[PDB]
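As a starting point, one isolated chain is supplied in structure tokens, in the form deposited in one PDB entry.
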């Protein structure tokens, strides 16, 4: 029977990971000056604290722990958190929350269509294809200016009927790195409430753009305006606990009645999939967020990560400028997040991986955290050498 199985398409971003003088600018993971993904101080402290306090590992909360649920809602929504109308579900990472979000939405409406950005995180369309959900794409990346094509984005979103779901990256847009301004978000909220489309926010990099609170500004704006909204959050990157698999889905409802419905359908979704969600990561997050001392060191470390990356983008931008006599590459200092689209065509892209030895996603997506004073110049010369 199993011999009837057909080969499935692999994840290209992870493919590189398997392949990899070598300069890894692929997989979205923050790397320090020495090409290492460290365990954040607070997280390590939380783990030690946990080792001493836990007395049992019996089954716990089907929808996650109350503490985790509370800490997360406040992290994301701040004072906009109206628990009375919000349902929370702890999931297996942010990816798990996306699937759980699509399942919930489909339960609510069989004839659901999902709009995604052009381009977008490949795993989005994958999950959607797998589910057999109709996917449409709104314009987003302004190819020439390397920025956002907002006029085109608005045009497309306006065509979305109600019951349709629109997927927005809350901040640090993967892969482009190009993002919407708060003003643009208000504009988008206007279209959304006028079309009745349900927004699904993918919040995977809160803290890597402009700051914890500022990276959630757009999400908080949609939440303050649109009566119903779904937010899929990931703690893999901002807490640096990628392998623990921890995140959650937040369902914002118009009232408590619908809230009790969503909460019941969210938990049932976990039960029919894998029972309880993993505890260790959610516990690390809960402990960090509710312990003043630990949240303080965590915020500080993330801020350092954030600032350093911005500092690097600035370098690459400067290197290229003084290494070409032009400013076509100014977009690097303008982008926010971990990634940026170099714009490089597939031919050059491939060449650099072979002879030069640098690994970047086939669409020229570069994880800037993989660069430094040592590799930046070589990279600049590399793109010149590989031309366009």
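Only residues modelled in both forms are compared. Residue numbers count along the first chain shown, from 1. Under this definition, the rigid core comprises the largest set of C-alpha atoms superposing within 1.5 Å between the forms.
The form deposited in another entry is left out here; the points below concern that form.
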Item to check | C-alpha displacement of 2 Å or more between the shown form and the other one on the rigid core, among 41, 49, 351, 31 | outcome: 351
Next on the checklist: Once the core is superposed between the shown form and the other one, does residue 11 show a C-alpha displacement of at least 2 Å?
Outcome noted: yes
Next on the checklist: I need the moving stretches between the shown form and the other one: superpose on the rigid core, then report runs of 3+ consecutive residues where each CA shifts by 2 Å or more, in sequence order.
Outcome noted: 9-15, 17-20, 350-359, 382-388
